[PDB]
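What follows is one structure encoded as structure tokens, with my remarks underneath.
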Amino acid sequence: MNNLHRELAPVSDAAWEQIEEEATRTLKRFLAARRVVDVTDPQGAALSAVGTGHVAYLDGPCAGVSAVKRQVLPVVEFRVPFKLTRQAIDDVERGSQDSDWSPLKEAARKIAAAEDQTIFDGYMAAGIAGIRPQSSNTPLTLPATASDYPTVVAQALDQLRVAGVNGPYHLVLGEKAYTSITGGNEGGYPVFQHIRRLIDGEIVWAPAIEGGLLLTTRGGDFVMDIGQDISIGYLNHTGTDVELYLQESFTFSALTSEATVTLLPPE
Amino acid sequence: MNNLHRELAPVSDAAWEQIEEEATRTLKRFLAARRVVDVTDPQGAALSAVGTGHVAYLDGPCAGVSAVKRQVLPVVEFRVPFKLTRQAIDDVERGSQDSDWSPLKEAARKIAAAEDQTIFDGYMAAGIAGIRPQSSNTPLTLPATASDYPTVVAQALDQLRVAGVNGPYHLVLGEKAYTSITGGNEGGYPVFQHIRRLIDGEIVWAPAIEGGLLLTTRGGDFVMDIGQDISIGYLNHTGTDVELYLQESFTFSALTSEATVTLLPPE
Amino acid sequence: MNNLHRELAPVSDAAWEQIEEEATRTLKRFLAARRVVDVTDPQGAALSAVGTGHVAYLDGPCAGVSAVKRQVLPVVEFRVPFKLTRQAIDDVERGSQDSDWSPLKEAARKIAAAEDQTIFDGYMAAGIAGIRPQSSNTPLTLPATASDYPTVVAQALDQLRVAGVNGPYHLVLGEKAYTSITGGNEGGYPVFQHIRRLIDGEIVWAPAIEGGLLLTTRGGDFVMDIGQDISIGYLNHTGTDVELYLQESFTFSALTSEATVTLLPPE
Amino acid sequence: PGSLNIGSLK
Amino acid sequence: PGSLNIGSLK
Amino acid sequence: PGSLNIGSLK
């Protein structure tokens, strides 16, 4: 028995299987930032900090003695609750195949958006810095019309080539930019093919961020340390509802500051 | 080759052996606090923090998401330099057996005193708390005369018995208290025997602290995590001298706050 | 122990590994001219000259005796120094993964640019002749607009076909020409495809040269004899810095004078 | 228990 | 190298 | 020692 306390919930095995399948299917679609960064294997719930390797000077305990203190990055935990109806839970054993899992889908969407925002733009409250605020290249503004994106992509590629960064290049775009690209010309495919023609990678859709960016997936530039992966826990229940939650714990680090180019939203 | 850079120093093997023997002999005598606390095996130079297991609330990245941050204890590093003469270094191969190692002895004394002070009274600059400032019992003032120590020891034992702490009891005394006990009556042995008669442990001499304390060695109350043990490194040299240093890295934690009784110095 | 004197530097093994990896990664990207010429295996530090096979007349030592002297090509050595910080060097064993290697990257860029300039345009001081100054074909001026490059490429191909030179054709372009091609039309891909459509080879980016050229990679036209490859050596160190250098030794020869066409920069 | 294995989505 | 093994002095 | 093998980049 662990902290999740799953056995105390009045939920059948088939309902648990269906809920797990739905949650996994939703997370695999709404988890975007995990595909472009290095992800380590889970290390357990006892992980608290990751050493950076740097030190800071200290005054000194006694005369003739000098002291330094190591620097670390902390681990942060996220939890999102939701509620499920007991009638829908019980109908699974009766033979239902269309039970309502919309609150679970919404919770998965929220946790995925939170993780993506934390990775891409940082979490100042927890002391975690993002990739875009630490990027050292010159940001480029996106054009108003969808027909002028390839020249900006080419400018970003030129910046990367001048800086000297190799690897397959991937373009991450926000919802507004993705819709602007898709809803133009003959369905947006000629623009899509132009972008995939300049860059060997694939355009990635990220709903939780604004603007966009271009990065490389050569490896060794972004590290994500995961203590506990996304899991389901049990809080309480009433005569008609059961409250559950999703939880995870991780930390993130961006090593190379010249491997990405920031794309600001159009004016 | 590691960060110590020992091979770059113009020092012979026999001189290295003699220096190591002298340093070990001095440290084994001037290291006092290591005998009463639990000491783990060395973990390496990559150790930076130790998780405590507690969390702190955070504002929250997005609506419907809550966040907590883990708490850790950092590792601190101490370095003390010293200088040795090249004539004394070279005379070892000629056959000297009385070379001057007094600067090394002084450096070992200084590092031992710094470690003992950090363990017993804490190091606020590095965020490390000591045992005595975190003790929850009532401190007792030492008497002026050496003949009244056993009643204070008995009062401390009564406090420990009322609190409910078992284990062999050890009394740690400062230099002033130790001299006051020794230089009284018929050499101080009757007082020494009275103290060793009330308590089953042995009186420990600690030169780096004032006053004293009484504690138990049942185990599980004080933990010392050592990254790198005391080592010797090389800085530089001139035509007549060679500069070396001693270095270590560790962190400390006191779990049980009711296992010790503080003894304040006499008024 | 050799002339590099690497063991005298206070550098750890992990730091050495990281520095070597970074230097190799930078050199593999900034070494352009090595891909289009024949490169022999390293021959050692004792290589000094390469025989051409031709002779020159001499006056004569005695009556009835004639004399000739062989002609040779000398070997030239290049060295570029740089400085690294000891804190960044030492943090590697503590566990750093983002140490600053920018001076090493700059030194690698400088040595690569020097090698490329020596190969393409010659080094008159050392008596080494380049490919373009010895080309026997008619140079062609690049057009102002990026849309007129394919006709010049076709003219160069016609010149090569009339001369009778077979083999896969490669186009080497400078930074200005590459940027002019990339930053035009729909990202420059239609022009890029036109060039790769006329010529079966790939467009090569050379930052150290102006204008461009078209050549063939059939083999046997350009020979590079390398005595010692690019290596790292140690000069000295201070309390806070360590000075290292990159060094190489080579010679070059261009045999066929009709296998290349020179492209002058636009007016 | 309840891991919901996701890992890397590469 | 240069560890100077001390450990626990119990 | 310290060769930094590059060779031909073909």
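Sequence lines set the chain letters: A, B, ... in the order given, protein chains first and strands last, and positions in each chain run from 1. Values reported hereafter were calculated over all heavy atoms of this structure, with side chains retained and with hydrogens, waters and symmetry mates removed.
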* Just do the side-chain hydrogen bond (donor to acceptor under 3.5 Å, both in side chains) check on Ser96(C) and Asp98(C) with the steps written out, would you? => CA-CA 6 Å; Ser96(C) 181; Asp98(C) 59 324; 3.2 Å; yes
* Asked: With ring centroids as reference points, do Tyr149(A) and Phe192(A) lie under 6.0 angstrom apart?
  ->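 No, the ring of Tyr149(A) stays outside the 6.0 Å limit from the ring of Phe192(A), centre to centre.
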Quick check: does any side chain N or O of [X] sit under 3.5 Å from a backbone N or O of [Y], one acting as donor and the other as acceptor?
{"X": "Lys83(A)", "Y": "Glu243(A)", "result": "no"}
{"X": "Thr24(A)", "Y": "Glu21(A)", "result": "no"}
{"X": "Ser48(B)", "Y": "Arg70(A)", "result": "no"}
{"X": "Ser257(A)", "Y": "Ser135(A)", "result": "no"}

Distance-minimising heavy-atom pair for [X] and [Y]:
{"X": "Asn2(A)", "Y": "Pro1(D)", "answer": "ND2-CB, 3.7 Å"}
{"X": "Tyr169(A)", "Y": "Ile199(A)", "answer": "O-CD1, 3.8 Å"}
{"X": "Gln134(A)", "Y": "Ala254(A)", "answer": "OE1-CB, 4.2 Å"}
{"X": "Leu263(A)", "Y": "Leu213(A)", "answer": "CD1-N, 3.6 Å"}

* Quick one: does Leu73(A)'s side chain get under 4.5 Å of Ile128(A)'s, heavy atoms only? ->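 Of all side-chain heavy-atom pairs linking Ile128(A) with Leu73(A), none is under 4.5 Å.
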* **With sequence neighbours excluded, residues passing side chain to side chain contact (heavy atoms under 4.5 Å, CB included) with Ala107(A)** =>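 In terms of side chain to side chain contact (heavy atoms under 4.5 Å, CB included), with neighbours along the sequence ignored, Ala107(A) is linked to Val80(A), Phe82(A), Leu246(A).
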* **side chain to side chain contact (heavy atoms under 4.5 Å, CB included) against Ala259(A), all qualifying residues, sequence neighbours excluded** =>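 Side chain to side chain contact (heavy atoms under 4.5 Å, CB included) check on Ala259(A) returns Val165(A), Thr216(A), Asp221(A), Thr256(A).
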* Asked: Can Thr251(A) and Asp225(A) be said to form a side-chain hydrogen bond (donor to acceptor under 3.5 Å, both in side chains), step by step?
  -> CA-CA 5 Å; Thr251(A) 199; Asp225(A) 284 273; over 6 Å; no
